[PDB]
Amino acid sequence: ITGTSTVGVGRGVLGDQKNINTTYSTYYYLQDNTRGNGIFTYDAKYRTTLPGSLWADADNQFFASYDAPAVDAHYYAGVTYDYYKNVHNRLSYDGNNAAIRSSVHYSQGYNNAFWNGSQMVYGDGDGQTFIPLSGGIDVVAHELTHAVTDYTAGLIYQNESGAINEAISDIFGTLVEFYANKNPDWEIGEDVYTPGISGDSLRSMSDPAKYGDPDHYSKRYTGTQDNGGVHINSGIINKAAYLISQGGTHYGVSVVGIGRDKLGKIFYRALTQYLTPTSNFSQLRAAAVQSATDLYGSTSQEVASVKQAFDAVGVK
Ligand SMILES: COC(=O)[C@@H](N)Cc1ccccc1
Ligand SMILES: COC(=O)[C@@H](N)Cc1ccccc1
Ligand SMILES: COC(=O)[C@@H](N)Cc1ccccc1
Ligand SMILES: [Ca+2]
Ligand SMILES: [Ca+2]
Ligand SMILES: [Ca+2]
Ligand SMILES: [Ca+2]
Ligand SMILES: [Zn+2]
């Protein structure tokens, strides 16, 4: 909507206070004009019709329990925008400052969040498996990274290409989590998962097997569930990315870590220059090797570490 840019204050899902960019015109709206063509957050009102209503508030204070998911969806979309712009010189998900739209309070008891090809959508959770999912910066960044993938590599959401798609979202969701620098880790979804249990998460990059996901190609899932294992076999790629950044010895193969920023540079280049809709795990290895060669040279430590990490997870 047309109005003037303002600054509201509210509390997120975890009870933390933050400022949010709003727009005033009779009401205060969750519309951040400071980033690209805007960030816009909507109320789905417990329904599945999308997007719902642009979020309107009478006083520019967002401290109600109902408000919390909206505050975080809005704020963490901004953080994600800032990561891509400042770290990768990418203007929104399309590279041309596309407006970022999100809806909260999707359905009732919905234990998930997703990019639907056009916008972000967040459930509130059932209160036991999940609390509202926009409370997790890694969740917000995971699903906005699907938008980036859709506009770039276009990885089809099935089998190995789909597992790469998922892993790319877990990798950049994590890198955004580190960028924001609040309790960062190599785990996925911890901030909003199982409020009754400390220290767990939905997936782990550091040890995918913690949650039953493979950490080596020899353990890959070959059946039809989960679109051919897209959230399962992502563990093989997530482990390779973790090893590239952090290092380690895995199934007897030693990897010299090169740190998170180089991991991000290599994988962002691979995603945006070298992956295609049908890329498999072997082709991802090749893309990462070429990306690292472009950036650092064929004889570099960075290239050597990318090779060892894929060796360590059984991907040739
Ligand atoms: C299976 O659901 C998926 O993984 C995402 N749709 C939601 C999610 C992302 C990141 C962390 C937690 C949840
Ligand atoms: C069969 O699937 C399991 O029961 C899931 N909880 C995944 C898992 C497997 C093995 C160990 C830990 C977690
Ligand atoms: C329930 O979803 C799971 O726990 C995921 N970790 C996928 C999985 C299922 C079963 C066995 C292994 C992996
Ligand atoms: Ca208010
Ligand atoms: Ca964390
Ligand atoms: Ca995390
Ligand atoms: Ca928990
Ligand atoms: Zn995903």
# chains A, B, ... in the order shown; residues from 1 in each chain; ligands from 1

$ residues_near_ligand --ligand "ligand 4" --cutoff "10 Å" --atoms "only C-alpha atoms and all ligand atoms" --output "number ranges by chain"
A: 8-10, 27-28, 56-64, 67

$ write_last_selection --atoms "N, CA and C atoms" --output "mmCIF file, in the first residue's frame"
data_model
loop_
_atom_site.group_PDB
_atom_site.id
_atom_site.type_symbol
_atom_site.label_atom_id
_atom_site.label_comp_id
_atom_site.auth_asym_id
_atom_site.auth_seq_id
_atom_site.Cartn_x
_atom_site.Cartn_y
_atom_site.Cartn_z
ATOM 1 N N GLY A 8 7.947 0.212 13.812
ATOM 2 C CA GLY A 8 7.188 -0.394 14.910
ATOM 3 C C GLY A 8 8.086 -1.199 15.816
ATOM 4 N N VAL A 9 7.507 -1.666 16.919
ATOM 5 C CA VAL A 9 8.243 -2.497 17.860
ATOM 6 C C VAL A 9 7.332 -3.645 18.267
ATOM 7 N N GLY A 10 7.914 -4.809 18.480
ATOM 8 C CA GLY A 10 7.099 -5.929 18.891
ATOM 9 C C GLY A 10 7.946 -7.016 19.488
ATOM 10 N N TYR A 27 -3.890 2.698 9.207
ATOM 11 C CA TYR A 27 -3.283 1.663 10.017
ATOM 12 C C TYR A 27 -1.774 1.612 9.795
ATOM 13 N N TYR A 28 -1.084 0.876 10.659
ATOM 14 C CA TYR A 28 0.297 0.516 10.480
ATOM 15 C C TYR A 28 0.340 -0.900 9.896
ATOM 16 N N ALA A 56 -2.415 -5.478 9.357
ATOM 17 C CA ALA A 56 -2.784 -4.135 9.788
ATOM 18 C C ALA A 56 -2.834 -4.111 11.311
ATOM 19 N N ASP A 57 -2.278 -3.046 11.868
ATOM 20 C CA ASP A 57 -2.229 -2.861 13.326
ATOM 21 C C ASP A 57 -2.539 -1.405 13.641
ATOM 22 N N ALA A 58 -3.349 -1.187 14.665
ATOM 23 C CA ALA A 58 -3.774 0.170 14.993
ATOM 24 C C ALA A 58 -2.695 1.110 15.570
ATOM 25 N N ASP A 59 -1.732 0.570 16.318
ATOM 26 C CA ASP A 59 -0.806 1.397 17.059
ATOM 27 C C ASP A 59 0.692 1.203 16.829
ATOM 28 N N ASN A 60 1.094 0.336 15.893
ATOM 29 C CA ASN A 60 2.503 0.126 15.578
ATOM 30 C C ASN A 60 3.292 -0.597 16.709
ATOM 31 N N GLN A 61 2.548 -1.212 17.622
ATOM 32 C CA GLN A 61 3.117 -2.056 18.656
ATOM 33 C C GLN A 61 2.580 -3.469 18.471
ATOM 34 N N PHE A 62 3.483 -4.429 18.448
ATOM 35 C CA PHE A 62 3.167 -5.811 18.051
ATOM 36 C C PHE A 62 3.577 -6.799 19.136
ATOM 37 N N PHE A 63 2.931 -6.623 20.312
ATOM 38 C CA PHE A 63 3.253 -7.424 21.489
ATOM 39 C C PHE A 63 2.205 -8.498 21.835
ATOM 40 N N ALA A 64 1.145 -8.630 21.024
ATOM 41 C CA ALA A 64 0.138 -9.642 21.289
ATOM 42 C C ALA A 64 0.676 -11.003 20.893
ATOM 43 N N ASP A 67 0.399 -11.638 17.318
ATOM 44 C CA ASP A 67 1.307 -10.882 16.488
ATOM 45 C C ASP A 67 2.663 -11.559 16.302
#

$ select_by_dssp --residues "segment 98-251 of chain A" --states "strand (DSSP E)" --output "PyMOL selection string"
chain A and resi 100-106+113-115+120-123+187-188+203-204+248-250

$ closest_atom_pairs --of "chain A" --to "ligand 3" --cutoff "8 Å" --atoms "only C-alpha atoms and all ligand atoms" --output "tab-separated table"
residue	atom	partner	partner_atom_place_in_ligand_line	distance
A:202	CA	ligand 3	6 (N)	7.2
A:203	CA	ligand 3	6 (N)	6.5
A:211	CA	ligand 3	6 (N)	4.6
A:212	CA	ligand 3	12 (C)	4.2
A:213	CA	ligand 3	13 (C)	4.7
A:214	CA	ligand 3	13 (C)	7.6
A:229	CA	ligand 3	7 (C)	7.9
A:231	CA	ligand 3	7 (C)	6.5
A:232	CA	ligand 3	7 (C)	5.1

$ residues_around --residues "residue 267 of chain A" --least-positions-apart "5" --cutoff "10 Å" --atoms "only C-alpha atoms" --output "PyMOL selection string"
chain A and resi 168+171-172+241+262+272-275+284+287-289+291-292

$ residues_around --residues "residue 226 of chain A" --least-positions-apart "2" --cutoff "12 Å" --atoms "only C-alpha atoms" --output "NGL selection string"
:A and (157-160 or 162-163 or 166 or 221-224 or 228-234)

$ closest_atom_pairs --of "chain A" --to "ligand 6" --cutoff "10 Å" --atoms "only C-alpha atoms and all ligand atoms" --output "tab-separated table"
residue	atom	partner	partner_atom_place_in_ligand_line	distance
A:136	CA	ligand 6	1 (Ca)	7.6
A:137	CA	ligand 6	1 (Ca)	7.6
A:138	CA	ligand 6	1 (Ca)	5.4
A:139	CA	ligand 6	1 (Ca)	8.2
A:170	CA	ligand 6	1 (Ca)	8.8
A:171	CA	ligand 6	1 (Ca)	9.9
A:173	CA	ligand 6	1 (Ca)	7.6
A:174	CA	ligand 6	1 (Ca)	5.7
A:175	CA	ligand 6	1 (Ca)	9.1
A:176	CA	ligand 6	1 (Ca)	9.4
A:177	CA	ligand 6	1 (Ca)	6.4
A:178	CA	ligand 6	1 (Ca)	8.6
A:182	CA	ligand 6	1 (Ca)	9.7
A:183	CA	ligand 6	1 (Ca)	8.0
A:184	CA	ligand 6	1 (Ca)	6.0
A:185	CA	ligand 6	1 (Ca)	5.0
A:186	CA	ligand 6	1 (Ca)	5.6
A:187	CA	ligand 6	1 (Ca)	4.3
A:188	CA	ligand 6	1 (Ca)	4.3
A:189	CA	ligand 6	1 (Ca)	5.5
A:190	CA	ligand 6	1 (Ca)	5.7
A:191	CA	ligand 6	1 (Ca)	7.1
A:192	CA	ligand 6	1 (Ca)	9.7
A:201	CA	ligand 6	1 (Ca)	7.9
A:202	CA	ligand 6	1 (Ca)	9.5
A:203	CA	ligand 6	1 (Ca)	9.0
A:204	CA	ligand 6	1 (Ca)	8.5
A:205	CA	ligand 6	1 (Ca)	9.2

$ write_last_selection --atoms "N, CA, C and O atoms" --output "compact mmCIF listing (two decimals), in the first residue's frame"
# COMPACT_ATOMS: atom_id res chain seq x y z
N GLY A 136 12.03 -19.43 13.77
CA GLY A 136 13.34 -19.99 13.45
C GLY A 136 13.95 -19.26 12.25
O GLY A 136 13.44 -19.38 11.14
N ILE A 137 15.05 -18.53 12.45
CA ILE A 137 15.67 -17.86 11.32
C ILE A 137 16.14 -18.85 10.28
O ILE A 137 16.05 -18.56 9.08
N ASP A 138 16.62 -20.01 10.70
CA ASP A 138 17.03 -21.05 9.71
C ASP A 138 15.87 -21.56 8.90
O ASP A 138 16.06 -21.87 7.74
N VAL A 139 14.67 -21.60 9.47
CA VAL A 139 13.48 -22.00 8.75
C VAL A 139 13.12 -20.93 7.70
O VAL A 139 12.88 -21.23 6.53
N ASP A 170 19.08 -25.86 3.47
CA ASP A 170 19.61 -26.05 4.85
C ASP A 170 20.96 -25.33 5.01
O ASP A 170 21.21 -24.71 6.05
N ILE A 171 21.80 -25.36 3.98
CA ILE A 171 23.13 -24.70 3.97
C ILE A 171 22.94 -23.20 4.12
O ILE A 171 23.49 -22.58 5.03
N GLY A 173 20.17 -21.57 4.93
CA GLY A 173 19.47 -21.27 6.17
C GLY A 173 20.41 -21.17 7.36
O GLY A 173 20.32 -20.24 8.16
N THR A 174 21.36 -22.08 7.41
CA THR A 174 22.41 -22.05 8.43
C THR A 174 23.31 -20.85 8.26
O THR A 174 23.69 -20.20 9.26
N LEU A 175 23.77 -20.56 7.02
CA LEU A 175 24.65 -19.42 6.85
C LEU A 175 23.94 -18.09 7.24
O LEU A 175 24.59 -17.20 7.79
N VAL A 176 22.64 -17.95 6.97
CA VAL A 176 21.89 -16.79 7.41
C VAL A 176 21.82 -16.77 8.97
O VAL A 176 21.99 -15.72 9.59
N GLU A 177 21.62 -17.93 9.57
CA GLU A 177 21.63 -18.03 11.02
C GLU A 177 22.96 -17.54 11.61
O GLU A 177 22.98 -16.77 12.58
N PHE A 178 24.08 -17.92 10.99
CA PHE A 178 25.38 -17.42 11.42
C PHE A 178 25.52 -15.91 11.17
O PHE A 178 26.13 -15.22 11.99
N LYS A 182 22.84 -15.00 16.35
CA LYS A 182 22.13 -15.35 17.61
C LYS A 182 22.06 -16.87 17.72
O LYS A 182 21.35 -17.54 16.94
N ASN A 183 22.78 -17.43 18.67
CA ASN A 183 22.83 -18.87 18.91
C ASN A 183 23.01 -19.70 17.64
O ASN A 183 22.28 -20.64 17.42
N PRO A 184 24.00 -19.33 16.82
CA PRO A 184 24.13 -20.07 15.57
C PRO A 184 24.70 -21.47 15.77
O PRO A 184 25.49 -21.73 16.68
N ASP A 185 24.31 -22.37 14.85
CA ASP A 185 24.70 -23.78 14.91
C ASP A 185 24.52 -24.37 13.54
O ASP A 185 24.05 -23.69 12.61
N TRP A 186 24.88 -25.64 13.43
CA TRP A 186 24.76 -26.44 12.20
C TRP A 186 23.59 -27.43 12.31
O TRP A 186 23.56 -28.46 11.64
N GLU A 187 22.60 -27.11 13.13
CA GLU A 187 21.37 -27.85 13.30
C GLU A 187 20.22 -27.09 12.63
O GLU A 187 20.29 -25.88 12.42
N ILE A 188 19.15 -27.81 12.27
CA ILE A 188 18.05 -27.21 11.52
C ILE A 188 16.76 -27.24 12.28
O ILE A 188 16.23 -28.33 12.60
N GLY A 189 16.25 -26.05 12.60
CA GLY A 189 14.93 -25.89 13.19
C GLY A 189 14.85 -25.88 14.70
O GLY A 189 13.77 -25.84 15.24
N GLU A 190 15.99 -25.90 15.36
CA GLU A 190 16.06 -26.02 16.83
C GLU A 190 15.27 -24.96 17.59
O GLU A 190 14.76 -25.26 18.68
N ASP A 191 15.17 -23.75 17.05
CA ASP A 191 14.54 -22.67 17.82
C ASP A 191 13.03 -22.85 17.98
O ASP A 191 12.42 -22.25 18.87
N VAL A 192 12.42 -23.57 17.07
CA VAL A 192 10.96 -23.72 17.04
C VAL A 192 10.49 -25.17 17.22
O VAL A 192 9.28 -25.41 17.26
N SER A 201 16.58 -30.96 17.28
CA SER A 201 16.28 -30.20 16.08
C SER A 201 15.61 -31.18 15.10
O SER A 201 15.51 -32.36 15.37
N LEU A 202 15.19 -30.70 13.96
CA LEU A 202 14.53 -31.52 12.96
C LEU A 202 15.52 -32.29 12.13
O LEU A 202 15.32 -33.46 11.86
N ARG A 203 16.61 -31.61 11.75
CA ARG A 203 17.73 -32.24 11.07
C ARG A 203 19.03 -31.72 11.66
O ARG A 203 19.06 -30.67 12.32
N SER A 204 20.13 -32.43 11.36
CA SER A 204 21.47 -31.98 11.75
C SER A 204 22.39 -32.00 10.55
O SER A 204 22.43 -33.01 9.85
N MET A 205 23.12 -30.93 10.31
CA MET A 205 24.16 -30.94 9.31
C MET A 205 25.45 -31.54 9.83
O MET A 205 26.21 -32.19 9.08

$ residues_around --residues "residue 116 of chain A" --least-positions-apart "6" --cutoff "10 Å" --atoms "only C-alpha atoms" --output "ChimeraX atom specification"
/A:143,146-147

$ write_last_selection --atoms "C-alpha atoms" --output "compact mmCIF listing (two decimals), in the first residue's frame"
# COMPACT_ATOMS: atom_id res chain seq x y z
CA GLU A 143 12.39 -21.46 2.56
CA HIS A 146 13.98 -22.20 -2.29
CA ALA A 147 12.92 -18.99 -4.02

$ residues_around --residues "residue 129 of chain A" --least-positions-apart "6" --cutoff "8 Å" --atoms "only C-alpha atoms" --output "list in words"
residues 111, 193, 194 and 195 of chain A

$ residues_around --residues "residue 88 of chain A" --least-positions-apart "6" --cutoff "9 Å" --atoms "only C-alpha atoms" --output "tab-separated table (two decimals) with N, CA, C and O atoms, in the first residue's frame"
chain	number	residue	atom	x	y	z
A	264	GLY	N	30.01	-20.68	1.67
A	264	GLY	CA	28.97	-19.89	1.06
A	264	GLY	C	29.29	-19.37	-0.34
A	264	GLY	O	28.46	-19.43	-1.24
A	265	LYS	N	30.53	-18.90	-0.51
A	265	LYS	CA	30.95	-18.41	-1.82
A	265	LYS	C	30.93	-19.54	-2.83
A	265	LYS	O	30.47	-19.38	-3.95
A	268	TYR	N	27.22	-20.74	-3.45
A	268	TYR	CA	26.41	-19.75	-4.10
A	268	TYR	C	26.78	-19.71	-5.58
A	268	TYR	O	25.89	-19.66	-6.44

$ closest_residue --among "A:124, A:94, A:82, A:32" --to "ligand 1" --atoms "only C-alpha atoms and all ligand atoms"
A:124

$ select_by_dssp --residues "segment 209-293 of chain A" --states "alpha helix (DSSP H)" --output "PyMOL selection string"
chain A and resi 225-229+234-246+260-269+281-293

$ closest_residue --among "A:181, A:80, A:108, A:103" --to "residue 148 of chain A" --atoms "only C-alpha atoms"
A:80

$ closest_residue --among "A:198, A:92, A:299, A:308" --to "ligand 5" --atoms "only C-alpha atoms and all ligand atoms"
A:198

$ closest_residue --among "A:279, A:258, A:39, A:240" --to "residue 303 of chain A" --atoms "only C-alpha atoms"
A:258

$ closest_residue --among "A:93, A:110, A:83, A:46" --to "residue 150 of chain A" --atoms "only C-alpha atoms"
A:93

$ closest_residue --among "A:51, A:117, A:132, A:127" --to "residue 72 of chain A" --atoms "only C-alpha atoms"
A:132

$ atom_distance --atom1 "atom CA of residue 2 of chain A" --atom2 "atom CA of residue 25 of chain A"
7.1 Å
